[PDB]
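Contents: one structure, followed by commentary.
Note on naming: letters A, B, ... go to the chains in the order of the sequence lines (proteins, then strands), and numbering restarts at 1 for each one. Values reported hereafter were calculated over all heavy atoms of this structure, with side chains retained and with hydrogens, waters and symmetry mates removed.
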Amino acid sequence: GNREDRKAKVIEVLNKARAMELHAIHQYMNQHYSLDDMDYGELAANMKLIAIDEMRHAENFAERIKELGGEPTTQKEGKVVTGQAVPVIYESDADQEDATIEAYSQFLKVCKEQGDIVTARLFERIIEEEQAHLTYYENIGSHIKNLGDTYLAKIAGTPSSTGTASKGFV
Amino acid sequence: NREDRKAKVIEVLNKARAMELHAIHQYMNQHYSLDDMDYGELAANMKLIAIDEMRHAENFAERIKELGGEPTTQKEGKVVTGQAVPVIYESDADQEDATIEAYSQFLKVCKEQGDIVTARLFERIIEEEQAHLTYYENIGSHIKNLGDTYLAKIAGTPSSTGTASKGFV
Amino acid sequence: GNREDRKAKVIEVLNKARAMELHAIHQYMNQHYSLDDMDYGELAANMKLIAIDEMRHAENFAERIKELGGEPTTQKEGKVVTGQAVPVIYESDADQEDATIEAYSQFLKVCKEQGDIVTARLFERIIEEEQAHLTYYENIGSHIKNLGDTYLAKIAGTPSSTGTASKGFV
Amino acid sequence: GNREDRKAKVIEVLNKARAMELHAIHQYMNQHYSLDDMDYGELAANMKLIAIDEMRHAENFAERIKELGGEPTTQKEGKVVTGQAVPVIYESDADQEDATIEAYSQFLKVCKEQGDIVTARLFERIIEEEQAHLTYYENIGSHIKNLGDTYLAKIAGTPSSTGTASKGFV
Amino acid sequence: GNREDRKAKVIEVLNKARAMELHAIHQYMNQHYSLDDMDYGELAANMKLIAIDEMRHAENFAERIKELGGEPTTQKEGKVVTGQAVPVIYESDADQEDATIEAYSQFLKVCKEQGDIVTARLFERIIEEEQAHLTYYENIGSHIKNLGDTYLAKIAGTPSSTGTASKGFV
Amino acid sequence: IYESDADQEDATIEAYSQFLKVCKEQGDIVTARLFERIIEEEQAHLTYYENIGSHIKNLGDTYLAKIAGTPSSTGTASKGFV
Ligand code: FEC
Ligand code: FEC
Ligand SMILES: [Fe+3]
Ligand SMILES: [Fe+3]
Ligand SMILES: [Fe+3]
Ligand SMILES: [Fe+3]
Ligand SMILES: [Fe+3]
Ligand SMILES: [Fe+3]
Ligand SMILES: [Fe+3]
Ligand SMILES: [Fe+3]
Ligand SMILES: [Fe+3]
Ligand SMILES: [Fe+3]
Ligand SMILES: [Fe+3]
């Protein structure tokens with residue numbers, strides 16, 4: 001395609017990815033709110049830290065969309081599922097991460113076909129992070145299935161802190 | 001009637017929370033524009049205010065959970081994009097004023113429902129919303145009275161909001 | 001081809017890239033001398049710092065050329081334009097960086113086609129640095145376009161320091 | 001026997017021991033990859049730490065063989081068993097350690113018979129370390145046997161770190 | 001092909017790579033024992049440090065295989081040549097590293113064809129380390145060729161230490 | 001549920017053994033035989049609760065999936081007045 005054609009094709013997959021991150025942020029934070037309510041500290045903390053990774057993916061996608069002359073979407077891709085039980089959280093989060101990695105690896109092929117090396121590299125780095133998320137969700141899911149409440153009894157009452165309060169305006 | 005009272009508070013908490021989710025997306029959309037323009041200082045403060053709204057959304061969600069509700073995931077109203085710089089501050093100033101009005105109403109319900117803990121949460125957040133309002137009012141005024149003279153001062157300034165966000169990876 | 005052919009094809013695009021770097025070094029330093037003479041310190045400093053990134057690029061390209069048995073070129077690609085006014089400096093530097101990314105992306109392709117993974121990673125790294133340079137030049141060109149002498153008035157008489165004198169022999 | 005007769009008999013028990021070490025390295029690292037995959041951090045870490053002792057043993061046997069003028073073998077003794085369940089891992093590793101102590105004690109007797117005091121002291125030191133491995137594996141197999149999933153729930157999700165990465169070349 | 005098919009084809013080239021690392025570890029350590037015996041310390045030190053790099057590669061390949069649900073091989077590919085003279089050591093090691101880089105670049109392509117970005121990145125990073133190994137071996141070969149016993153006289157009696165002993169279990 | 005009930009039955013058998021002893025000291029053979037009979041039934045409860053508790057602790061979800069949706073009938077309705 002011409003210069004504009006290529007930019008538009010990449011801005012499209014970037015916005016698709018961004019909508020996926022916007023979904024994960026609301027989905028993972030919903031789950032964090034449940035986990036925190038159950039007082040499963042370590043689990044709630046790590047869920048919020050992964051959601052913050054997704055916020056940063058969302059931001060990186062938007063920044064690159066701006067670099068290419070586009071407008072960052074404000075809509076999340078899909079619907080947020082609430083009230084999930086603990087076994088369901090980790091099962092569905094692992095599935096979701098695996099799907100994202102499949103999706104982003106195709107998005108990557110698009111960028112390479114449209115000759116956009118900078119965007120392809122963004123996708124490669126974020127796919128490596130999604131892999132870290134997948135592995136985490138799978139490990140929790142497997143202990144829960146194999147060890148049940150014995151494992152959860154260990155997590156009950158642990159600290160849920162994610163560190164010092166974040167940089168804000170006030 | 002404990003359950004009527006929890007239900008009516010949870011309803012305004014979810015209302016305020018959806019106003020926070022909209023604000024987060026609205027202010028970050030403007031942040032990306034300001035950053036693209038290379039008006040660093042303005043871009044940095046717009047993201048810092050977005051992060052304040054994230055913290056409001058979270059506090060509202062946690063209280064909703066304490067009251068046995070489900071925190072909403074949907075934002076109230078539409079995000080406006082491609083806003084020009086004068087419109088960003090004018091519209092952010094208007095939305096912050098509308099939020100203080102809305103939350104003072106929500107505060108009222110909390111007090112009527114005998115929910116002191118939630119009333120205090122709204123009072124605290126309202127005073128932060130006033131800090132944001134004042135900020136947006138001041139920037140809008142400078143832009144209106146000094147125009148490009150004020151912007152040349154913002155051009156090229158750093159946009160960093162601090163050290164990278166705590167994460168999982 | 002055999003090993004020699006594939007190496008020779010990569011040496012050819014590395015030396016074309018290197019020739020483009022040698023050009024950018026002389027073109028950006030020429031502009032640096034003007035910016036400095038005009039006493040727009042921050043602009044002059046950053047133009048020289050970008051010039052030094054290009055020096056490092058030229059060096060990295062020649063090191064890879066050496067690894068593959070080739071000889072690093074000493075000729076620059078193209079003519080250095082002198083006497084440019086400030087708006088023209090940033091307009092043409094952004095065009096030149098954009099063109100470089102275009103070119104290096106093709107070169108990247110050659111590397112992949114010849115099975116040279118180490119050389120492909122070098123171009124990938126360097127293209128991301130060029131993207132940073134592109135953004136900088138676009139950003140300046142936009143302030144000059146939108147704010148003109150009101151913006152340059154803020155830059156007038158700023159420090160032009162790029163730091164302590166670079167390591168030398170004497 | 002004669003001087004070279006004596007060296008050769010020692011070199012032979014040394015090469016038998018070294019082949020047992022090469023096997024141990026691959027057998028315990030295999031178990032480590034499984035324990036790690038299962039996310040039993042503390043079990044995975046100590047398993048890798050023991051394999052690294054076996055690496056040191058292999059190396060010390062090889063340095064002594066060179067001293068005696070022999071050639072250190074490069075072939076492991078026996079087959080590596082894969083897919084073992086957790087109890088079989090600790091059951092089989094303890095038997096392997098007990099067997100190694102037995103063989104090594106016989107190798108030690110050969111060194112004394114061949115009047116090789118330095119090599120015998122090498123065996124003495126290593127048998128003491130193998131005794132430390134044996135006790136370890138017997139202890140874990142005993143907890144798994146007595147406490148089962150309750151013990152494993154405790155290890156689930158523990159850190160698997162064995163320290164800072166290897167000294168290496170790059 | 002299907003998801004399971006795609007994992008199977010990547011697991012196969014990962015086990016091919018790992019078997020090559022297992023060979024390199026035994027090959028390089030074998031040469032390390034000769035150089036140490038010869039009291040060429042700097043050479044013995046670096047050869048062992050490169051062998052530790054290959055250990056880390058084998059480990060990284062094993063971990064990815066596990067992530068993909070495969071079983072890490074325990075067998076090395078090819079025969080370890082022993083009794084090499086010093087010049088033969090560096091010629092063959094250089095030749096061995098270039099061949100590794102050729103093979104790994106092929107394995108990389110399979111990863112890409114199977115849509116496995118995380119595994120392609122793993123190979124990309126290890127190919128860069130192998131290139132550092134290749135340059136090293138080529139440089140020592142050049143010095144032995146160009147300077148002979150003069151260069152060896154320099155290395156004679158040098159420290160052979162690779163630092164502090166590796167944390168282990170005992 | 002099963003952890004606590006096992007402990008409860010174990011406590012009951014210990015207490016009733018002590019009560020049985022008081023009956024023997026008061027020369028009340030009929031009452032002691034009553035405790036004897038009921039202690040043997042408490043032992044069957046204890047054994048029941050300990051076995052379930054073990055399966056839950058050790059086998060988790062596969063065990064409960066077997067119990068999910070099974071019949072909960074305890075037989076024909078109790079004799080009553082109506
Ligand atoms: C809470 C909460 C919400 C609401 C979730 C919900 O559904 O309730 C929540 C929602 C969002 C949403 C959307 C976005 C995406 C904005 C967009 O791209 O349109 C979104 C975007 C960002 N968040 Fe966010 N948030 N958020 C935190 C809390 C919450 N956040 C905390 C805490 C930190 C702390 C970071 C730190 O300390 O390093 C934090 C950081 C960021 C960064 C900072 C990136 C960086 O500089 O590295 C970006 C961008
Ligand atoms: C000696 C010796 C042998 C025997 C070879 C022979 O043929 O004699 C030897 C053999 C092996 C073999 C196989 C493997 C591959 C195992 C497998 O994946 O099946 C194998 C695997 C590893 N070794 Fe190994 N060794 N080895 C050292 C010495 C020796 N090593 C020293 C020293 C360190 C010190 C590490 C450090 O402090 O960084 C060290 C560390 C490692 C690590 C950990 C690296 C890391 O975490 O970064 C892994 C994995
Ligand atoms: Fe993400
Ligand atoms: Fe993710
Ligand atoms: Fe707010
Ligand atoms: Fe606000
Ligand atoms: Fe360059
Ligand atoms: Fe450049
Ligand atoms: Fe040993
Ligand atoms: Fe041992
Ligand atoms: Fe390697
Ligand atoms: Fe290598
Ligand atoms: Fe009972």
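Heavy-atom minimum distance, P72(E) versus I65(E): N-CG2, 3.8 Å. Counting all heavy atoms, side chain and backbone alike, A45(D) lies closest to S161(D) at CB-O, 3.7 Å. Residue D53(D) comes nearest to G168(E) through the heavy atom pair OD1-CA, 3.3 Å, listed as atom of the first residue, atom of the second, then distance.
The aromatic rings of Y136(E) and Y90(E) sit perpendicular, their planes meeting at an angle over 60°, well past the 30° parallel limit.
Remark: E124(D) pairs with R121(D) by the salt bridge (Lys or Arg N to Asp or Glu O under 4.0 Å) rule, at least two apart or across chains. Qualifying ring-ring contact (aromatic ring centres under 6.0 Å, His included) partners for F61(E), counting only residues two or more places apart in sequence or in other chains: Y104(E), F123(E).
Counted by atom type alone, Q131(E) and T135(E) present one or more donor-acceptor pairs between their side chains at under 3.5 Å.
Between the OG1 atom of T100(D) and the CG atom of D93(D) there is a distance of 10.0 Å, given to the nearest 0.5 Å. Distance check, rounded to the nearest 0.5 Å: CG of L108(D) to CG of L122(D) gives 9.5 Å. To the nearest 0.5 Å, atom OG1 of residue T162(E) and atom NZ of residue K48(E) are 4.0 Å apart.
One finds a salt bridge joining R3(C) and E102(E) here, because a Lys/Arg side-chain nitrogen approaches an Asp/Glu carboxylate oxygen to under 4.0 Å. The pair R18(E)-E21(E) does not count as a salt bridge, with every side-chain nitrogen at least 4.0 angstrom from each carboxylate oxygen. Under 4.0 Å is where a charged nitrogen must lie from a carboxylate oxygen, and between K66(E) and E63(E) no such pair does. Between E128(C) and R125(A) a salt bridge is recorded (basic side-chain N to carboxylate O distance below 4.0 Å).
Within 6.0 Å of CD on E91(E) lie no more than 12 heavy atoms contributed by other residues, nucleotides or ligands.
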Can you list, pair by pair, the side-chain donor-acceptor contacts under 3.5 Å of residues 6-15 of chain D, counting residues two or more places apart and other chains?
from, atom 1, to, atom 2, distance (Å)
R6(D), NE, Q114(D), O, 3.2
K7(D), NZ, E4(D), OE2, 3.0
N15(D), OD1, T73(D), N, 2.7
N15(D), ND2, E71(D), O, 2.9

